[PDB]
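FYI, side chains are in, hydrogens and waters are out, and symmetry mates aren't considered; it's all heavy atoms of this structure. For reference, positions follow the sequence shown, starting with 1.
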Amino acid sequence: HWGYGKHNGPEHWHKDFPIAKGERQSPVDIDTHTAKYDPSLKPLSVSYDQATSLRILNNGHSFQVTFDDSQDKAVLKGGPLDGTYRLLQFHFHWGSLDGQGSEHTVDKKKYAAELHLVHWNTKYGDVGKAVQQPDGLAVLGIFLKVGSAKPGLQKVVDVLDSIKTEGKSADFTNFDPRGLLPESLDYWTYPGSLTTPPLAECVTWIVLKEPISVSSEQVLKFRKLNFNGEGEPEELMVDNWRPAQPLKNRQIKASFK
Ligand SMILES: COc1cc2c3c(ccc2cc1OS(N)(=O)=O)[C@@H]1CC[C@H](OS(N)(=O)=O)[C@@]1(C)C=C3
Ligand SMILES: [Zn+2]
């Protein structure tokens, strides 16, 4: 089964998922001098005041917080998007050292981690249908740098002991994802893919320019999770990021100058 190890990592994924070598794979390096400012792009509209978090889960490749997506409660609109996209989950990618961990890079700069807020287009009725469409998902990507602590992340950090190994989950209610956003919503956007199998080419990526800062003690606790299930040889969950893929026929747009 796929993973991030030497014998099952990203360089192997194309054997089971041949779309790994496709034309709109993610992540990419964002070349800030080649991205084009597009005045047609609109501000993002993030409406998370009514979000209902449900559960937090170690899925063996990351940890994720899931939300109730049965109604328009936490939605993303505007920017490059047509229509309304509902928040389903968020999860992170991070490194073994502070100089790596993000999936997207900016002028080849890697950040310590990257937060993905995954949303699906309500036109398609359920997330399984949306993954089959070129405009089915919108993922908001936020970089993490190491510095001052982020108070709104601490509730996540404190529960990670209870989901240390693959398949563990816990109730995780009343978590407000607004505490994870930077002050600015300036963004880059391009058409891309999921960065894990099945690598489907269904994602409008919206990558925020401004990182959030987290403390070294906060990111340390990510690195103590396990890829393995309980009672198996311990392997720390680190470096669960896919390296940058070829941009090919694509243009990255910026909402700012
Ligand atoms: C990082 O992993 C991501 C996985 C995503 C998935 C899905 C949607 C978004 C995902 C986003 C993921 O994050 S990431 N790194 O590209 O932003 C699936 C849609 C239907 C599918 O279910 S099925 N029956 O094929 O087992 C889902 C729920 C499975 C994975
Ligand atoms: Zn992700």
Q) With a cutoff of under 4.5 Å between side-chain heavy atoms, which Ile, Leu, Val, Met, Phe, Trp and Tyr residues group with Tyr124? A) none
Q | Members sharing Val203's hydrophobic cluster (side chains within less than 4.5 Å) | A | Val28, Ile30, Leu88, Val106, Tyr111, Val118, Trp120, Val127, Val131, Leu137, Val139, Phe143, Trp188, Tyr190, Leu194, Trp205, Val207, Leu247, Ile252, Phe256
Could you tell me whether the side chain of [X] and the main chain of [Y] form a donor-acceptor pair under 3.5 Å?
X      : Y      : answer
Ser215 : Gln218 : yes
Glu114 : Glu103 : yes
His119 : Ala138 : yes
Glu210 : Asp186 : no
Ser102 : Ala113 : no
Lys21  : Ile19  : no
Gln154 : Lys150 : no
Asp69  : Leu87  : no
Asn8   : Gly5   : yes

Distance check, rounded to the nearest 0.5 Å: [X] atom [atom1] versus [Y] atom [atom2]?
X      : Y      : atom1 : atom2 : answer
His93  : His104 : NE2   : NE2   : 9.5 Å
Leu57  : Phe63  : CG    : CZ    : 11.0 Å
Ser70  : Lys73  : OG    : NZ    : 4.0 Å
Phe227 : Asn58  : CZ    : CG    : 9.5 Å
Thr189 : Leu81  : OG1   : CG    : 7.0 Å

Q) Can you pull the side chain to side chain donor-acceptor pair (under 3.5 Å) pairs that have at least one residue in residues 247-257, sequence neighbours excluded? A) none
(Q) Minimum heavy-atom separation for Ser162 and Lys168, please, with both atom names. (A) O-CB, 4.0 Å
Q: Give a yes or no on this: more than 12 heavy atoms of other residues, nucleotides or ligands lie within 6.0 Å of atom CG of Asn174.
A: no
Q. Do other residues, nucleotides or ligands put more than 12 heavy atoms under 6.0 Å from the NZ atom of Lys155?
A. yes
Q. Do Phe222 and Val65 share a hydrophobic cluster, counting only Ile, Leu, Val, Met, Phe, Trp and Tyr and linking them when any side-chain heavy atoms are less than 4.5 Å apart?
A. yes
[X] vs [Y] side-chain heavy atoms within contact, under 4.5 Å:
X      : Y      : answer
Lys36  : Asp38  : no
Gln133 : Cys202 : no
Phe172 : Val159 : yes

Q | side-chain contact (heavy atoms from CB on, under 4.5 Å) partners for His33, two or more places apart | A | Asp31, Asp107
Q: Only counting residues at least two apart or in another chain, list the ones meeting side-chain hydrogen bond (donor to acceptor under 3.5 Å, both in side chains) with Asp82.
A: none
Q: Would you check if there is a donor-acceptor pair between the side chains of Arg86 and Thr122 at a distance under 3.5 Å?
A: no
Q: Hey, can you tell me if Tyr4 and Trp13 have their rings parallel, tilted or perpendicular (30° and 60° cut-offs)?
A: perpendicular
Q.
Can you tell me which residue among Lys110, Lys145, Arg223 is in a salt bridge (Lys or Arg N to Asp or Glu O under 4.0 Å) with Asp98?
A. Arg223
Could you give the side-chain donor-acceptor pairs of residues 228-243 under 3.5 Å, partners two or more places apart or in another chain?
from, atom 1, to, atom 2, distance (Å)
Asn228, OD1, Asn226, ND2, 3.3
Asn228, OD1, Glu235, N, 3.0
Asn228, ND2, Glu232, O, 3.1
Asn228, ND2, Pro233, O, 3.2
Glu232, OE1, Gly229, N, 3.0
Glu234, OE2, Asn226, ND2, 3.4
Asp239, OD1, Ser96, N, 3.1
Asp239, OD1, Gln100, NE2, 2.8
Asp239, OD1, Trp241, NE1, 2.9
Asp239, OD2, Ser96, OG, 2.8
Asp239, OD2, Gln100, NE2, 3.4
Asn240, OD1, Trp94, N, 2.8
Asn240, ND2, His61, O, 2.9
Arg242, NH1, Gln25, OE1, 2.8
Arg242, NH1, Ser26, O, 2.8
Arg242, NH2, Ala20, O, 3.3
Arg242, NH2, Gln25, OE1, 3.3

